[PDB]
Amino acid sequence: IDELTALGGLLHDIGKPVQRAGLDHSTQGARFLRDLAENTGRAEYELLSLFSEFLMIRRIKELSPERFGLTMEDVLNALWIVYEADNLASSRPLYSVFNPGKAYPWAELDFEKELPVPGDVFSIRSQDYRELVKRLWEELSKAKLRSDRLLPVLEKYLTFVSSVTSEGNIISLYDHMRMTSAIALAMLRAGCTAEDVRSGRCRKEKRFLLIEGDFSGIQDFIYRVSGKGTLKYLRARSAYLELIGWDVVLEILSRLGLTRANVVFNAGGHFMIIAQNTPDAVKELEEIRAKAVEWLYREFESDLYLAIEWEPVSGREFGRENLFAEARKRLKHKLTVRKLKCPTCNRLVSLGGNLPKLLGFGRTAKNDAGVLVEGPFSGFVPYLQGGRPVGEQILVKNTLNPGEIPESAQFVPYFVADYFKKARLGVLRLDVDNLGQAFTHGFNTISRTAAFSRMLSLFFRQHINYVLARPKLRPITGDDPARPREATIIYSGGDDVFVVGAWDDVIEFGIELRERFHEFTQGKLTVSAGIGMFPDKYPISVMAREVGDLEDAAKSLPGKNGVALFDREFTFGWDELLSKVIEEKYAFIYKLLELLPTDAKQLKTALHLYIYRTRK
């Protein structure tokens, strides 16, 4: 009955593409799960097809729910739980979060290295929905009937499919189904019966927890070593953090009996989970929140803290009736007051050169052989581009197919940008401006939040890799031979980016990337950046701190929309740098400096640029 509800909410809308291909959605999607049921040899799909189908009690009859382990009682419970989980989560396209008059063509979420590139209103033919169903069906046929494996098939085919073919629909059908699923699996963990649902009690009783966790002291976790620490360490030190993070999230999910579908987003080392508000959950988090802080202390004392708060909410606090934004307000407040009170250094060195051949990590007991690096509750075991995955959960890298992974192993797909090139260093720090304001008052429901939250991570977990290996702007470096950015990434996640490389590509790249960010957000968000330049061997910690000081400069600017490149206090706009510093003004220049306002600034730097393009 838990799984039934997991996949039930997951598959309730499955016939949208099936009706939108001409094979309602409740009548079509159901044949689909019956066809698939009588075409693979698992009737489970036959019983699940009923969630789409919704006479009732005699269609639950015709199928004999007890051939699994399911009382006709249990089955009606999940049919209503899921019904209203669909209502809580609240030949056309899926419009964009940012611009609601541009829209994309249904593309796949794992074909071509890309899946964006939308355009003015193009409304989708049946032929399109017919090759989609051609796939989905195959991957449905070959998948295990279990969330961890069913989620990424839906993620894969339905990301760029509209959950309701209303116009300006920002919510993809995959963010609908997950939320529907997230919410169902928790009602059920929160003991809603059909009696409660009908009475509208899963809609005013505060039956859910909105669990939220957010890391602090990351800057001082990731950046704190001196000479001892190559790019091989900084990357795996950054990787170990995601792993701490995953280890908290997967443990929360272990112990509250949930799915990855409940993970609204987990971006930046900041996470949101939807959960049953019960007292054995609250008393189960208290023990995660407490065990994991104890552990982050004993192993880093105060350098790294993870604050986890939770705020019980009602079903109508997923939507607006502005109630979601409020719950998040008290939870962000709650969250805020929750902070302010060498063998690892070496296990991470092995990792940073394994990193180029790594395909995942198995997640196991800390006392399990293979373990390279341990998190609060679990050990991790690098799954290598040679060997065989080895965990109860396997955090698989950059891809939504499990492939050569064992069954008894929750497939956990996780995206990370790692472009990396296999007289100074060029260091970028970039952070999307005021973004935690866009999330409260632009997205003020739980699905839009997940919707929006998922495109950002996409941009910083994937798209960013493509400006690195497919760069266009090059006014300093020059077009010449089509070559990628001479760079590595240390972190690209949340809304924060830290890239090292060739002094010049980095300057161009913060720009080109801000550029994409500009297009990809259609002007709707901004980024400020530090860029600094450094000799060779220097306290990474100090390259952090100084480039941080630059962005802090760029950030203390009014309107917050530029870069503070030159360590000097003379920042410019993304296209004030490009238009006037570079496209206009950029021994004689050497003496110019020794001699001694909007233009004097843009001249000041242009010369600094000119210089830097030539020394040696």
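The first residue of the sequence shown is number 1, and the count goes up from there.
Counting the unmodelled positions of the deposited sequence between residue 99 and residue 100 gives zero. Count the deposited residues lacking coordinates between residue 321 and residue 322 and you get 1 to 3 of them. Stretches 502 to 510 and 116 to 124 differ in mean CA B factor, with 116 to 124 having the higher one.
On average the C-alpha atoms of 69 to 77 have higher B-factors than those of the other stretch, with 69 to 77 and 273 to 281 being the two compared. Looking only at 431, 301, 247, 139, the residue with the top Cα B factor in the deposited structure is 301.
For the set 425, 177, 455, 145, the PDB entry assigns the largest Cα B-factor to 425. Per the deposited record, the Cα B-factor of residue 10 falls in the lowest third when ranked against the other modelled residues of its chain.
In the PDB entry, a CA B factor belonging to the lowest third of its chain's modelled residues is recorded for residue 242. Compared with the other modelled residues of the chain, the Cα B-factor recorded for residue 330 ranks in the middle third. Sorting the modelled residues of the chain by their CA temperature factor places residue 197 in the highest third.
In the deposited entry, the Cα temperature factor of residue 305 places it in the lowest third of its chain's modelled residues.
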